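This report refers to the structure that appears directly beneath it.
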Amino acid sequence: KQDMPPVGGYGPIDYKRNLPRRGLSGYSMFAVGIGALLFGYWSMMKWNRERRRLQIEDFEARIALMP
Amino acid sequence: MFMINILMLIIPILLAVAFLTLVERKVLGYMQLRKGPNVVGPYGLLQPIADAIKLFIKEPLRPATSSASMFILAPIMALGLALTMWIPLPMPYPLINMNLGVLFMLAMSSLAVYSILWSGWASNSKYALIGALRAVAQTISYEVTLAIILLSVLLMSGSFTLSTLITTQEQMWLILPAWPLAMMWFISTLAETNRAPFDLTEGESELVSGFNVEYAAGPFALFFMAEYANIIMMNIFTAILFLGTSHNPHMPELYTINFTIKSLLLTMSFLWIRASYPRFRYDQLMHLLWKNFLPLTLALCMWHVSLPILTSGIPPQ
Ligand SMILES: CCCCCCCCCCCCCCCCCC(=O)OC[C@H](COP(=O)(O)OCCN)OC(=O)CCCCCCCCCCCCCCCCC
Ligand SMILES: CCCCCCCCCCCCCCCCCC(=O)OC[C@H](COP(=O)(O)OCCN)OC(=O)CCCCCCCCCCCCCCCCC
């Protein structure tokens, strides 16, 4: 008279299938990308242009000597 | 004391390829929910000094049907260019100040495939005869995916030296203005240096890796050794090019501290890719170079030609 099945206490667990979490898609991407990339080239032309100014100063000390 | 500097660079890096083989599996182990080398270390840390001596005791046979002067010449050229490439590389001061050394990397990365063409031929038959011929074929095609987008940042750097490659990045961390090129920079070195998703060189279920398949643990001990010396060298080359650190002349000590921490992080990715993704089935490997990788690389090439002109932002040299 000592046998298994309980009178109660059950679930069940699902048979389902779901993890579609979105996700920042669909014109949200391709907009943060271009907005990041244009910040890069804007951070250029303030350094590459400025290094071009110090470049001429480096040639300047050459030319003021050599006679 | 120049000669004491060279030996101060070859010897402390053979530990870092021997203490990567141990971190090859501890990192790959906790992804599987299991501990590292548990019993011999105590923590593992003494594993590779025991795992090195066994190879040089175990009998180094040569195959009877093999050639002679080719089979024992490719491991000479294996460790030669795997260690010669570490020379012109600033941290913060390089050992050698080459005028143009970025090109010298491709002058060193080109000849490595000329040993695989030897060893696949030099020993024996079909599991490395044809099975290594189609390993030279993948490594040649990923230079034109490589050499173009290596040039595509030099239009913005200014010249060919590497001291300017740290000067131009004092305020930028240059992965941002070129992040499409930075993607295909990664996958190239992921497939050229013969690693886990694009594999057929080493060999999973391909040529049952028929490029080693024959070396007993005498000459085999370098092949693995030498090879692991490339993978921490494209990582030390990516992090001096895109993700450049800051140099201070009064404090060179704080350069390297903030530097070796970064090349280690990218080196983790070559381990962290292998525990996710399956192979590529040799067609689809090369089907995505021409058809898919290559026409974008010309597209950004024409983009990076005109954009320094139509910004009036010419880099000075
Ligand atoms: C199996 C064992 C038997 C084989 C043993 C021999 C194997 C040797 C294989 C080594 C192959 C490496 C060859 C690489 C050549 C490239 C060297 C180079 O270009 O160095 C860069 C530098 C350029 O000059 P620059 O940058 O302007 O200098 C600064 C000036 N302000 O140039 C310089 O700094 C100086 C240039 C002159 C230096 C001497 C010439 C260099 C080459 C000497 C070795 C000859 C090559 C041997 C054949 C190679 C075979 C693979
Ligand atoms: C107008 C202003 C200017 C506009 C600028 C706009 C900028 C846009 C930039 C776009 C260019 C950069 C993107 C590079 C292209 C991606 C490469 C590619 O095309 O892969 C295509 C590949 C082909 O397969 P598919 O077409 O999907 O067909 C099978 C479907 N059943 O399908 C694939 O997806 C393959 C995926 C890669 C294959 C290797 C995967 C192995 C693991 C690599 C992980 C790498 C992770 C990141 C790398 C490190 C990053 C730091």
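The header says electron microscopy, 3.8 Å.
Cβ atoms here come from the backbone N, Cα and C positions, even for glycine.
These come from Swiss-Prot:
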MOD_RES   B:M1  N-formylmethionine
TRANSMEM  B:2-22  transmembrane segment
TRANSMEM  B:70-90  transmembrane segment
TRANSMEM  B:100-120  transmembrane segment
TRANSMEM  B:146-166  transmembrane segment
TRANSMEM  B:172-192  transmembrane segment
TRANSMEM  B:222-242  transmembrane segment
TRANSMEM  B:253-273  transmembrane segment
TRANSMEM  B:294-314  transmembrane segment
Would you count the other CB atoms within 10 A of the CB of the residue listed as 'N-formylmethionine', including those on all shown protein chains? 5
Contact call for the transmembrane segment (B:172-192) and the transmembrane segment (B:70-90): at least 3 Cβ pairs under 8 Å, seq gap 6+: no
